[PDB]
Amino acid sequence: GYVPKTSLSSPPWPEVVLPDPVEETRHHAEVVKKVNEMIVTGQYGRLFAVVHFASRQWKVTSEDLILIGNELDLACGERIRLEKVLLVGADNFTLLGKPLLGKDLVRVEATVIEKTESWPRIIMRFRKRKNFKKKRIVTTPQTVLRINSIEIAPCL
Amino acid sequence: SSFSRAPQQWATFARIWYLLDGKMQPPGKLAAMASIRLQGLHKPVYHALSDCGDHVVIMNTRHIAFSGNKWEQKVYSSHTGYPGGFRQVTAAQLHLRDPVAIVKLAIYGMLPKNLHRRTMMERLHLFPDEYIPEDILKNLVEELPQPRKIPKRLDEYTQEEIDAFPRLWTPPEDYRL
Amino acid sequence: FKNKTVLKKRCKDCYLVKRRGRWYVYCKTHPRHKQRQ
Amino acid sequence: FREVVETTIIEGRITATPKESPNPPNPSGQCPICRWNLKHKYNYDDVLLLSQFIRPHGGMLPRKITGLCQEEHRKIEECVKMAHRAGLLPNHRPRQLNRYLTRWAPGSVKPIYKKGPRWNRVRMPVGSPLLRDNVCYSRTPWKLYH
Amino acid sequence: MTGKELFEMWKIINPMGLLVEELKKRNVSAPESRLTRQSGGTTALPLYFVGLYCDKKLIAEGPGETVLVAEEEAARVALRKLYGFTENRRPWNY
Amino acid sequence: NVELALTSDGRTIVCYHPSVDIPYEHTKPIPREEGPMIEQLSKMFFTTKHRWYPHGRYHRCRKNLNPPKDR
RNA sequence: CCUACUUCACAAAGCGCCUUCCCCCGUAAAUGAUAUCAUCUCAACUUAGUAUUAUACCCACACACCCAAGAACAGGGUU
Ligand SMILES: [Zn+2]
């Protein structure tokens with residue numbers, strides 16, 4: 001099956017070798033232990049987190065403000081836990097869920113700071129030469145949430 | 001991180017100088033690379049209105065290579081505006097006249113057709129040969145890999161490589177060759 | 001030359017050659033046979 | 001390989017001739033390409049392969065002598081033309097615009113003064129259709145016309 | 001002080017001198033200012049990254065338009081790192 | 001320069017990406033009329049002339065002098 | 001452009017005078033393989049074969065009056 005070395009003999013992209021599973025698992029355990037030790041020793045400053053709230057993913061950090069385009073049925077000043085945290089990251093490490101991180105790992109907490117209405121949005125329908133003209137004004141409810149803290153735990 | 005606001009903004013939106021070597025390169029691939037860099041589409045902070053384009057310095061544009069018979073078939077058309085002022089010039093003739101025109105036109109055609117295009121083209125520096133002005137050279141920051149890997153000639157192949165390649169067939173001894 | 005869409009050798013010395021992109025019937029003996037595609 | 005030497009008196013002497021490398025990957029094949037498993041794995045720039053079927057002055061060698069299939073002889077001939085036009089065989093010469101993948105001789109193509117409408121565009125050929133069956137390493141087929 | 005920068009709150013002059021003083025208090029030699037990255041040196045919009053090295057070890061690097069500005073701001077970054085008031089520091093706990 | 005590792009259960013991916021410093025050896029020591037005006041500015045800043053011409057009072061008054069500021 | 005001639009007359013004109021500079025490619029060849037002859041070659045290669053127009057022209061940053069400059073403006077002169 002040997003083919004002499006030509007331009008088309010081998011694929012242009014470099015060939016890739018699957019690492020031996022034993023060494024792969026050893027390296028995985030080493031990295032996980034190192035990061036867990038960093039968490040235990042608190043070797044991180046600000047934490048950010050990608051959190052799935054409402055229908056969207058928000059890149060979030062402590063003290064951040066988030067504008068949800070709907071009322072939440074929460075009194076202002078009420079503290080909440082954001083439960084669908086997809087990602088949590090520090091300066092030196094990041095943890096990725098598949099797709100969601102465990103509750104034991106990350107705790108993202110927010111506070112309902114404001115409940116408002118959006119500025120009036122205009123919906124205008126017009127069709128030429130049809131006497132078709134319609135105008136509507138819609139205000140969407142909104143809630144401003146402040147992200148108070150992001151805590152991680154050594155549960156890797 | 002931990003920069004002051006103005007230095008941070010300056011670093012983020014600073015414009016970098018890239019170097020492309022056009023020797024034996026297709027002008028189209030050179031133009032693709034250069035147009036990306038000139039627009040700033042290589043930057044994650046890109047936005048059409050942020051003016052985040054970079055400088056591209058293409059050297060050896062005299063030594064570009066066209067695939068196929070484009071040197072003879074590709075025709076550049078212009079009009080002087082006056083009647084009978086339609087001029088059609090093959091790529092070879094245009095290259096002989098101006099050793100920068102082909103790459104310049106490729107990049108111009110690849111850039112977005114808006115008012116920023118000529119501002120971008122002001123950041124494009126084309127030099128027919130290896131020589132580059134001293135100030136431009138001092139500005140240079142990075143050199144982009146050539147889009148096309150130049151095939152080697154037999155004169156360039158090492159005897160070791162020739163030997164490593166097998167002989168494919170037995171030539172009959174009784175042959176003039 | 002005579003322009004023909006189909007080239008036909010006429011005598012034995014009429015030979016086909018593809019030159020400058022198109023086919024030609026040349027002939028030394030009877031240059032009357034010269035054809036161009 | 002016999003060479004003719006003059007001094008008038010002229011005579012032909014057989015000189016050293018290379019032999020096929022030992023251990024072909026696929027012995028008992030029609031053509032050398034098939035014997036060595038290179039059916040669809042060589043391109044115009046593979047000079048090491050191409051020059052093995054080339055006269056010292058650049059011309060191709062006859063198919064009877066080479067043993068190549070008809071299709072493979074055609075492919076090698078076209079690849080050799082392209083390599084010569086690209087300047088990859090500077091020493092196989094009879095005695096300045098950089099090109100490559102040139103199907104036609106440079107002096108035989110007319111400029112495309114009137115490229116047609118979008119549905120009937122006159123395209124500039126690139127490479128050779130003879131290599132259409134080469135190994136495809138790209139998601140999109142390589143275009144023979146630009 | 002949330003969102004504020006250390007030297008946006010505490011106005012200082014000669015951050016390089018102040019950093020030298022701090023490193024003396026820590027019994028460390030004066031840092032070596034060294035040009036790590038550069039761009040458009042001869043143009044009207046240069047970018048200079050200047051890093052301060054303590055025994056061939058980078059302590060902090062900063063950007064700027066001129067080499068002097070980049071060095072000054074690298075000193076500011078070094079001061080922030082030494083004082084632990086970095087941008088990515090642990091947020092205040094409430 | 002990133003180390004990837006699934007956790008033992010395989011439900012969370014851990015990425016270790018420390019910040020790599022620039023080697024000292026990879027550094028250098030610190031060194032120690034309207035028409036012509038617009039041409040000079042255009043050459044200086046690698047722009048076109050059109051940017052540097054003035055605008056009418058209408059455009060200037062349209063411009064917002066107290067724009068909102070974020071962060 | 002006005003020396004003459006002519007219409008004319010401090011000048012404008014022709015009917016008068018002066019000056020006007022390289023090519024483009026259809027083919028014809030040389031050597032020569034595929035196809036050991038031959039073959040001008042959308043084979044490599046060597047000529048007729050040249051546009052890569054050659055040039056020439058122009059190029060001084062910063063009242064009033066007169067003018068062969070001119071609708072205004074502009075331009076030239078005022079030693
Ligand atoms: Zn005949």
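Lettering follows sequence order; numbering is per chain, from 1.
Nucleotides G/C58 and G/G26 place their P atoms 40 Å apart, quoted to the nearest Å. Atom name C1', nucleotides G/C2 and G/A68: the rounded distance is 13 Å, in whole Å. Nucleotides G/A38 and G/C23 have their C1' atoms positioned 37 Å apart, rounded to a whole Å. With P as the reference atom, G/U53 and G/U41 are 32 Å apart, rounded to whole Å. G/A9 sits 16 Å from G/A4 when the P atoms are compared, rounded to a whole Å. Taking the P atoms as reference points, G/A72 lies 36 Å from G/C17, given to the whole Å. Separation of the P atoms belonging to G/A13 and G/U20 is 24 Å when rounded to the nearest angstrom. Comparing the P positions of G/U50 and G/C25 gives an interatomic distance of 13 Å, to the nearest angstrom.
Pairing for G/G14 is with G/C5, a Watson-Crick or G-U wobble pair whose two hydrogen-bonding atom distances lie under 3.5 Å.
In the model, E/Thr42 has a side-chain atom that pairs as donor or acceptor with a side-chain atom of B/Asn139 under 3.5 Å. At a cut-off of 3.5 Å, with distance as the only test, a side-chain donor of B/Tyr108 or B/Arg118 sits close to an acceptor on the other residue. Side-chain N/O atoms of B/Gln93 and B/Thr90 include a donor and acceptor closer than 3.5 Å. With 3.5 Å as the limit, one finds no donor-acceptor pair spanning the side chains of F/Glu39 and F/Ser42. The closest side-chain donor-acceptor pair between B/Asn69 and D/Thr102, if any, does not fall under 3.5 angstrom.
Of the two residues near RNA chain G, B/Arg176 and F/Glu33, the one whose nearest nucleotide lies more 5' is B/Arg176. Checking D/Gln70 against D/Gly107, the closest nucleotide of RNA chain G that is more toward the 5' end is the one next to D/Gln70.
Across all strands, D/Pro106 comes closer than 4.0 Å only to sugar-phosphate atoms, never to a base (heavy-atom distances). D/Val109 comes within contact range of at least one nucleobase, with a heavy-atom separation under 4.0 Å. Looking at heavy-atom distances under 4.0 Å, D/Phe53 makes no contact with the nucleic acid at all.
If you check G/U55 against G/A33, you find neither a Watson-Crick nor a G-U wobble pair with both contacts below 3.5 Å. The base of G/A48 engages G/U27 as a Watson-Crick or G-U wobble partner, both distances under 3.5 Å. G/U78 and G/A64 are base-paired, meeting the Watson-Crick or G-U wobble geometry with both donor-acceptor distances under 3.5 Å.
Salt-bridge formation is not detected for the pair B/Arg15/B/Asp54: no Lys NZ or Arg NE/NH1/NH2 atom is positioned less than 4.0 Å from an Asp or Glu carboxylate oxygen. Under 4.0 Å is where a charged nitrogen must lie from a carboxylate oxygen, and between B/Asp51 and F/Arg51 no such pair does.
The CZ atom of D/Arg95 sits 10 Å away from the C1' atom of G/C45 (whole-angstrom rounding). Distance D/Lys110 NZ to G/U27 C1': 12 Å, rounded to the nearest Å. Rounding to whole angstrom units, NE2 of residue D/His84 and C1' of G/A43 are separated by 8 Å. Atom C1' of nucleotide G/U52 and atom CZ of B/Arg87 are separated by 15 Å, given to the nearest angstrom. Counting to the nearest Å, the P atom of G/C42 and the CG atom of D/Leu101 are 19 Å from each other. Note: CG (C/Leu16) to P (G/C40) measures 14 Å, nearest angstrom. When rounded to the nearest whole Å, the span between CG of D/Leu144 and P of G/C42 equals 21 Å. When rounded to the nearest whole Å, the span between CZ of C/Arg22 and P of G/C40 equals 18 Å.
Listed by chain and number, the residues in a side-chain contact (heavy atoms from CB on, under 4.5 Å) with B/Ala101 are B/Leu94, B/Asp98 (sequence neighbours excluded). Under the rule for a ring-ring contact (aromatic ring centres under 6.0 Å, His included), F/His50 has no partner lying at least two apart in sequence or in another chain. Taking B/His95 as the reference, B/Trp71 meet the ring-ring contact (aromatic ring centres under 6.0 Å, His included) condition, with sequence neighbours excluded. Among residues two or more places apart in sequence or in another chain, the ring-ring contact (aromatic ring centres under 6.0 Å, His included) test is passed with D/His92 by none. Every residue was checked against the salt bridge (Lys or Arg N to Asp or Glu O under 4.0 Å) condition with D/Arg118, not counting sequence neighbours, and none meets it. Qualifying side-chain hydrogen bond (donor to acceptor under 3.5 Å, both in side chains) partners for B/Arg153, counting only residues two or more places apart in sequence or in other chains: B/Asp155, B/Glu156.
In G/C15, the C1'-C2'-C3'-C4' torsion is negative, which places the sugar in the south family. For G/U19, the sugar pucker falls north, since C1'-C2'-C3'-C4' comes out positive. South is the pucker assigned to the sugar of G/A60, its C1'-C2'-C3'-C4' torsion being negative. Judged by the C1'-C2'-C3'-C4' torsion, the sugar of G/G49 sits on the south side, since the angle is negative. Sugar pucker annotation for G/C23: north, assigned from a positive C1'-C2'-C3'-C4' dihedral.
With its glycosidic angle within 90° of 0, G/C63 is assigned syn. Because its glycosidic torsion is more than 90° from 0, G/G75 is reported here as anti. G/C22: glycosidic angle within 90° of 0, hence syn. Annotated as anti: G/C25, whose glycosidic dihedral deviates from 0 by more than 90°. Taking the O4'-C1'-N9-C4 or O4'-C1'-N1-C2 dihedral as appropriate, G/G16 has a value more than 90° from 0 and is therefore anti.
In this structure, B/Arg62 is not positioned above the aromatic face of B/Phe127 in the sense of NZ or CZ being under 6.0 Å from the six-membered ring centre and within 45° of the axis. Note that B/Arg148 lies in the cation-pi zone of D/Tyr100, set by a 6.0 Å cut-off to the ring centre and a 45° limit from the axis.
For RNA chain G, the neighbouring residues in residues 1-9 of chain D, judged by any heavy atom under 4.0 Å, are D/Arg2. RNA chain G lies under 4.0 Å from at least one heavy atom of each of the following residues of residues 90-106 of chain B: B/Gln93, B/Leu96, B/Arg97.
Within the 4.0 Å cut-off from OP1 or OP2 of G/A44, at least one side-chain nitrogen or oxygen of D/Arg85 is found. Of the side-chain N and O atoms in C/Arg36, one or more sit less than 4.0 angstrom from OP1 or OP2 of G/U27.
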Donor-acceptor pairs under 3.5 angstrom involving side-chain atoms of residues 17-29 of chain D: please list them, not counting sequence neighbours.
from: D/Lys19; atom 1: NZ; to: D/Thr17; atom 2: O; distance (Å): 3.1
from: D/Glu20; atom 1: OE2; to: D/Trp36; atom 2: NE1; distance (Å): 2.9
from: D/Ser21; atom 1: OG; to: B/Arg167; atom 2: N; distance (Å): 3.0

For nucleotides 28-34 of chain G, give me one character per nucleotide, 5' to 3': B if any protein heavy atom sits under 4.0 Å from the base, S if the only such contacts are to the sugar-phosphate, - if neither.
S----SB
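Residue pairs meeting the salt bridge (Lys or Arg N to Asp or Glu O under 4.0 Å) criterion with at least one member in residues 121-142 of chain D, sequence neighbours excluded, are D/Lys75-D/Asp133.
Counting non-hydrogen atoms of neighbouring residues, nucleotides and ligands closer than 6.0 angstrom, the NE2 atom of B/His116 reaches no more than 12 such neighbours.
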Check nucleotides 55-58 of chain G against the protein and report each pair of N or O atoms closer than 3.5 Å, with its distance, or say if there are none.
none

